[PDB]
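Asker: Opening piece of the complex, as it sits:
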Amino acid sequence: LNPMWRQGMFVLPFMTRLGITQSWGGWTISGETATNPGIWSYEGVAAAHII
Amino acid sequence: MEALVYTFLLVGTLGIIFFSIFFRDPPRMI
Amino acid sequence: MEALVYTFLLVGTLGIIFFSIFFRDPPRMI
Amino acid sequence: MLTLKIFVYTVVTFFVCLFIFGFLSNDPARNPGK
Amino acid sequence: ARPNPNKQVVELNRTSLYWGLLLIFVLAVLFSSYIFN
Amino acid sequence: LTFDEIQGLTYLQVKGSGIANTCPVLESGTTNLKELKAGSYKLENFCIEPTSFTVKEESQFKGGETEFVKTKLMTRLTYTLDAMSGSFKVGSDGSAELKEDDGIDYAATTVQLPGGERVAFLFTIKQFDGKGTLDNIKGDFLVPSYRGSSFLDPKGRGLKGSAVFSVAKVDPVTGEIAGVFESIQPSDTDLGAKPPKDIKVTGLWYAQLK
Amino acid sequence: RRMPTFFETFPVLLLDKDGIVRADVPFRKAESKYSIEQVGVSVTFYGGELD
Amino acid sequence: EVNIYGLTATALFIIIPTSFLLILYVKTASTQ
Amino acid sequence: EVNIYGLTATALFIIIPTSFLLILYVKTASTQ
Amino acid sequence: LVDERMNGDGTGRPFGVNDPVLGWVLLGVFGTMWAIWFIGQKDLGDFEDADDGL
């Protein structure tokens, strides 16, 4: 009932568009949790752009 | 609160009008 | 909100440190 | 974690060996001298 | 040539000063009511 | 290791490896259910391992049904209640009547949730009475108090769960009994300021009849 | 006892007519002897809104 | 509700190009 | 609750003396 | 156990080494650095008694 586009979210539905579907908090987009976040989570993509 | 912002903007526009009229560079000759 | 202000101030202080170290005037001779 | 541990030992021992074989490599003659 | 042979100087006279300041305040006076809403 | 394989070691060899946080592994003793004589026995070293700590996440992401979620331990190797004892009858057909009185019966551990939220909870088998026949040895225990009544809140002011045993392997000679263990208990609450959470704990256990 | 100027959180005491403390609000609740629950001090109003 | 973001946006849109024009004017009128 | 006025005071105390120093530095380094 | 960890605290092992895989890296860095230094020995000062001191 509270998707991404109700919140005014802008650059996260491009990472989710090209497949970045997991964060370091453990939560995902569809609702369940995934175990391994890997190097490439949302915060990792952001920090890589800062670098 | 915002009324002071409105009044400050109008008075600042009038002040720039004043300085533009009186403190311009003199248009000088040849 | 204020955490971004804190982080911006710390990063700006570090940036002025960086430009002060590397982009100084050269201390020149006689 | 072992993949990290090999890498940490590699970097540490590389820098320490660079240190030791730097100071064995003719240090007190790279001065302005006499 | 190690010093730059294209170091050039910006120039902005008093007429352009008054035009720019008047433009910025008129833009502010116009958009401020819609920004504050 | 087994029990004598553990006690053959000295303290200087157990110290620093994690062998101390284990039940001794029991040998081949499966399905000896007729090899069980009666008596009002006691247990020598009744140790119980956990092996998974799952928390009922009450937050919804699918519907009005919530499962148990595998998580991470947080403190360090701070589990496996030890040296428990009491009074432990074996009956006629395999009816165990197991009563726990003494020993280190409690251990306080913290556990996250995926989402970055810490939950502290006790692991207590204080004063348990399991009277059952070798498949669902049921009964309840106490969750005494998450913290003492003399606890200072940070500004200077100021139950029963479910537990199911099982029996897998039986030493016929010495009475060493292994098996699997499950339990569900509530978490810590700070006296009603935070609603509790259900926590399932699964593991093994060990005993030595006497 | 009235609060002095320096004290931000002055603790609650109850003086007699002379200056001897007869009750308190205890910071520690274990072995309290002069608590209002043990003594039984009532309050009466005079004047004001809740007269 | 008033835009507390909006008052900061107003003050920034005032001060930043004003200072930008003042730098160039003082640099210009310094020489002549 | 965060201040209504605090971020405005912070941004003003940043930007005003910064621009004041930049004007003088650009006027100085223009000549030399 | 519940989880997996090296359990290297309180052991008392030389250089904190657990695997021989972990042990070979010390020599594998030390010997190559020594070999590079021993090659670089060509362009240094080697001498009979030309000593650098008072």
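Answerer: Received the coordinates, thanks. Numbers count the residues shown, from 1 in each chain, chains lettered A, B, ... in the order given.
Asker: where do the strands sit along chain G?
Answerer: G:13-15, G:21-24 (DSSP state E).
Asker: what about the helices in the chain?
Answerer: Chain wasn't specified; assuming chain A. With DSSP state H, the ranges of helices along chain A come out as A:12-15, A:42-50.
Asker: Hmm, no, I was thinking of chain E.
Answerer: E:14-36.
Asker: same deal with chain G?
Answerer: Counting by DSSP H, the helices of chain G are G:36-39.
Asker: give me the residue from it nearest chain A.
Answerer: residue G:9 (38.6 Å; C-beta to the nearest C-beta). Heads up, the C-betas are built off the backbone N, CA and C, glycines and all.
Asker: again with chain E
Answerer: For chain E, C-beta to the nearest C-beta, closest residue to chain A: residue E:37, 16.6 Å.
Asker: same deal with chain H?
Answerer: Counting by C-beta to the nearest C-beta, chain H gets nearest to chain A through residue H:5 (13.5 Å).
Asker: now do chain J
Answerer: residue J:3 (13.2 Å).
Asker: Single out the most deeply packed of the strands of chain G.
Answerer: Mean neighbour count, computed with mean count of other C-beta atoms under 10 Å in any protein chain shown, is highest for strand G:21-24 among the strands of chain G, reaching a mean of 14.
Asker: and that one, C-alpha only, in CSV?
Answerer: Taking C-alpha atoms only, strand G:21-24 is exported to CSV below (Å, rounded to 0.1, in the frame of the first residue of the first chain):
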residue,chain,number,x,y,z
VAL,G,21,13.3,16.2,58.0
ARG,G,22,10.2,14.0,58.5
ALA,G,23,9.6,12.7,55.0
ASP,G,24,11.1,12.7,51.5
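Asker: From the contact counts, what lies against it?
Answerer: strand G:13-15, helix G:36-39 (3 or more C-beta pairs under 8 Å, 6 or more residues apart in numbering or on different chains; DSSP states H and E).
Asker: Kindly incorporate the sequence below as chain K:
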Amino acid sequence: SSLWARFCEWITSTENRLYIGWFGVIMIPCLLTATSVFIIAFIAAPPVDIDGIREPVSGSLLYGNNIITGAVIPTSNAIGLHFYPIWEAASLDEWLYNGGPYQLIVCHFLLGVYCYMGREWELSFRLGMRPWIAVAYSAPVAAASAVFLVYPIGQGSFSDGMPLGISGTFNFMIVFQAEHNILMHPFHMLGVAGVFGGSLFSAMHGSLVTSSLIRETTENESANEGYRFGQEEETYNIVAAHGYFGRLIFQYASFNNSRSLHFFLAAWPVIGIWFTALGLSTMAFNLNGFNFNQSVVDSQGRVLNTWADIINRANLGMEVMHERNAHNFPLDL
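Answerer: Following on from the chains above, chain K is added here:
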């Protein structure tokens, strides 16, 4: 020619701007490691059980702490003096709970500042100066190592080290006064004399030299354009400054030699800081400060009170409140 010779020539060159040297290969990456962990952990560190009593402590900016209250929490007491790196932990959500980045940053930062002192030797030797800058830099190195290394060794836990933050520094200092009474200790008073005398001597020398600048400029422009860089003319009349000082106080407390004056400036605050650096190391091993409890006694045998007998009440008030949830047995802090 050879690779090693060219690499050594580059690393002992004096023309690259920030000098490196041979201590620099440990000074640079280790302090960059410590900085790169500290900036992350000052911003986004989860709460840390400092006490081992299952009470996490917030220290980072994201969890409701500003710049003053933000701090890197030290390691828990159950962790003790055990070396606890990342790879011995279970997860990075378990290493951060039990005081990880303090253990990493301190052990990095100490090696960093020792190799920085070695670098301050090395560049002086490479230029051809006299080598005693590192001797003066040995004082704040000792002052850092006493609170980060020596005192947690003495107390047996890395908990009682100084927390890496502004509001944590004072919670170190006040509890240190509670348990060890640092003010009633003669080394600490020597260090107070060191820092106050250092401020006095800096202000005094900077007054008496600026008060004698030989005029080279006018009175409209800056008074700092009178010194062209790299000259050979003494820009301050040190004869007139010494005459003014001798008229001001004493002629036998002269210090007419400029070099004797500079030795005195180099040796007052350094020897001032060395005695506090020893004082922390002595109080680390429970060699407590002074104690004047119940000294002034009347002719009967009753107890009178002094300022020491008020500081005893203040230290009792601190001691019965520090570490409020841990202590049960009546002593040993």
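Asker: Re-run the earlier check on what packs on strand G:21-24 with chain K in the model.
Answerer: Against strand G:21-24 (3+ C-beta pairs under 8 Å, 6+ apart) you get strand G:13-15, helix G:36-39.
Asker: Where do the helices of chain H begin and end?
Answerer: H:4-31.
Asker: What number of neighbouring residues does the residue in it positioned nearest to chain F come out with?
Answerer: Using C-beta to the nearest C-beta, the single residue of chain H nearest to chain F is residue H:5, 28.0 Å away. Neighbour count of residue H:5, defined by other C-beta atoms under 10 Å in any protein chain shown: 11.
Asker: Could you do residue K:132 as well?
Answerer: Neighbour tally, residue K:132, other C-beta under 10 Å: 12.
Asker: now do residue J:42
Answerer: Using other C-beta under 10 Å, residue J:42 is surrounded by 11 other residues.
Asker: Go through the helices and strands packed on strand G:21-24 and name the closest to residue K:177.
Answerer: strand G:13-15 (28.6 Å; C-beta to C-beta).
Asker: ok, now how distant is the residue nearest the centre of chain B from chain E?
Answerer: The centroid of chain B falls nearest to residue B:16 when counting by C-alpha atoms, centre = their mean (1.0 Å). Residue B:16 is 5 Å from chain E, where distance means C-beta to the nearest C-beta, to the nearest Å.
Asker: Give me the contacts around the helix or strand that residue falls within.
Answerer: Residue B:16 is part of helix B:2-22 when elements are defined by DSSP states H and E. The contact list for helix B:2-22 (C-beta atoms under 8 Å, 6 or more residues apart in numbering or on different chains) reads E:18, E:21-22, E:25-26, E:28-29, E:32-33, E:36, H:2, H:7, H:10.
Asker: Could you identify the most distant pair in those?
Answerer: Longest span within those, C-beta to C-beta: E:18 and H:2, 31.7 Å.
Asker: quick one: which of those two has more around it?
Answerer: Legend: neighbour count by other C-beta under 10 Å for residue E:18 and residue H:2, higher for residue E:18 (20 against 12).
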